[PDB]
Structure formats: C-alpha cells, structure tokens
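The chain below stands alone, shown as structure tokens; this is the form deposited in one PDB entry.
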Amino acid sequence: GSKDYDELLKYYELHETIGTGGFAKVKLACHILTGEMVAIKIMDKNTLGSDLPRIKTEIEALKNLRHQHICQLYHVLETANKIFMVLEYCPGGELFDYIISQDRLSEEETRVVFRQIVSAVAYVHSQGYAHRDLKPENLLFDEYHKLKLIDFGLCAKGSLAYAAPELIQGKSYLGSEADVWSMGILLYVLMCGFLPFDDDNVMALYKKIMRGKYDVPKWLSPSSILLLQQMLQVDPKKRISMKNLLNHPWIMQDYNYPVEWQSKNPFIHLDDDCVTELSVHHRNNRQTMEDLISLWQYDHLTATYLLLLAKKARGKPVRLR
C-alpha cells in the first residue's frame, strides 16, 4: 500500500529495480541524509506466510553477522504489509558473472576469491550459524572488488548442484559440514567454469552427487586437486574441518598467513566525527546520541550512522543533508 512506503520515502529515494528473487524485490535507492546508495530488499508479508518466519531468521541472523565479507544490514523497517531491509550496495555484480565472463579463474585469482569466502563462512560458523545455500549467485562484489555473502533465508540456527549428499538423501546433517561441501563445489567452479556434478535429469544428478565422482581437468595443479578431495567427501565426517581450511597449505600459498576470519569492525567505540554530526541533526546532546546509537535497533539512526561511517571512509565530507 501507499502507507507502507511513507516511512521509507522519508529516508530513501527509490531508483530502479535491480533484481527479483522468489519472495523479494531488490531496489537501488539513495539514503537521503548522506547521499549514499543502498540496496533495499522489499517483501510483502501476506505473499509469504510459511517463509515469514524464514525472513525473521534471516533478519535476526544479519543483525548478528557484522563482517567485512557479509552484506551489511543497515535498516529494518516493517509496516502493516511490508518488510524493508536496507543493505550494503554491491555494484560489482554476482560471482557467477565474474566466473562466466572469464570462462574460469586461474588458481591465483581463485584463491583471492576463495580466501574471502572462507573468511565469511568461518565467521558465520563462529557465531553459531550455517549458511546452507553457498553458491556464486549468493556472493557479490562491491565497488572495491571485495566479496559479500548474501541471502541468509536458508540459514540454520538449497540449490541442488551445491547441496551435500546427505541433504539429497533427506538425512540428518550438520550445517557446517554442508557448508564445507558447497564450498568445495564453489572451488571447483571457480577453477573450471562448470559444475563437478551436473545433469539435465534431476534423478541422474542425485546419483552423481551421492556417488561423488567428478572429472579432474588437466589444468588443475596437484595441490588444487587434493584440497578438492578433502572438501568433496561424500561422508561428512571425513570432510576437512573449517579450522584446518583456515591455514591449509593451498590456502597459504602466495600469502603465508592464515585466512583472517574475525570481523574487522566489532562493537568498538563509535567514530567521534560521525556521532558529532549526527547529534547536530537530532535535538539531543552527544551522550544521549551516543547512547541511542549503541542500542543498534536497525532503525533509521543505525542506518544514518553506518552510512555516515561508510561515507567518511570514502574520503567525502562527514555531513548530513
């Protein structure tokens, strides 16, 4: 409805549609006070019913996962009929596009990308979650060519070609072991440009996945081949631990330090220039304003603070309209 938007258009001006998923439309928009571009995920609550609790788990998860390689949530706005999620804009497109335009990535370009994936998924597990839909369509590049993991609608506590054998059998599974399998599929796709398990017929592809045999192209280094085998194990108990992936020898090559998985931001002190400019727009003193930001309700103040922070990092004036 029109009233479903009046709160949102107080804070954002809508631009074009940039994407449409199952239950959601994603619009490019401009945060009015900072001028920063953002993506707004729009969902209609009536249209969704059974995955309405899915969205609440996605939102709860995104508020608990602040990380340099996880698409950052700025603002949650719920109305009578709508739920709006204001998110970090990723103009660089999907990892899918990068791969398909390059045909395939060299081992070096793969590891540049893969270390960022490992970074994000290890942090997700450290917070008690599992993604469960890891795939190149759910990994976007921002404008600095940094990867951002998206779509926690299927997160725990999927796309068939990336699903672990035990999920295809309808069996019990651990979320982290399923993420490691999917990351093994991702690493194959990065370096080959095609899937290790594929078939036009779904039952035939069920059987290929559970068997676990895949072609090994001649351009794969021996080291790449072994890491592929340690992640793509049909028995989830024999798949490499996330802990052992962080400083795996193939991961370390050309870097010599393990994957930094810890969040770079945490919940440190607030940036002084940001809270000062905020307080100049809010009829409150600085301490009161600092207290309000620390509640992190993902209202408009959370969004203004985080985007004024991003705009400061951009080298632009620390100013609001």
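The numbering used is simple: start at 1 and walk along the sequence shown. Between two forms, the rigid core is the largest collection of C-alphas that superpose within 1.5 Å.
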item	value
Absent coordinates for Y298 in a third or more of other compared entries	no
Third-or-more of other entries without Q127	no
Absent coordinates between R211 and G212 - deposited residues affected, binned into four classes	none
52 to 60 set against 66 to 74, stretch whose average Cα temperature factor tops the other in the entry	52 to 60
Higher-scoring stretch by recorded Cα B factor average, 247 to 255 or 177 to 185	247 to 255
Peak C-alpha temperature factor (PDB record), options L95, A122, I83, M191	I83
Candidate residues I168, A204, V118, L140, the one whose C-alpha B factor the record puts highest	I168
Chain-wide C-alpha B factor ranking for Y11, given as lowest, middle or highest third	lowest
B-factor third for the C-alpha atom of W219 within its chain	highest
Third of the chain, ranked by Cα B-factor, where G158 sits	highest
Chain thirds of CA B-factor: placement of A24	highest
Chain-wide C-alpha B factor ranking for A310, given as lowest, middle or highest third	middle
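The same protein has a further form, the form deposited in another entry, not shown here; the description that follows concerns it.
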| query | finding |
| --- | --- |
| Shifted position (C-alpha, 2 Å or more, core held fixed) between this form and the one not shown, chosen from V259, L33, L65, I55 | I55 |
| Core-aligned CA displacement of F23 at least 2 Å between this form and the one not shown | yes |
| Shift in CA distance, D51 and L139, in the other form relative to the form shown here, given it is 3 Å or more | farther |
| Outcome for the Cα pair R54, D133 in the other form, compared with this form (closer or farther; change of 3 Å or more) | farther |
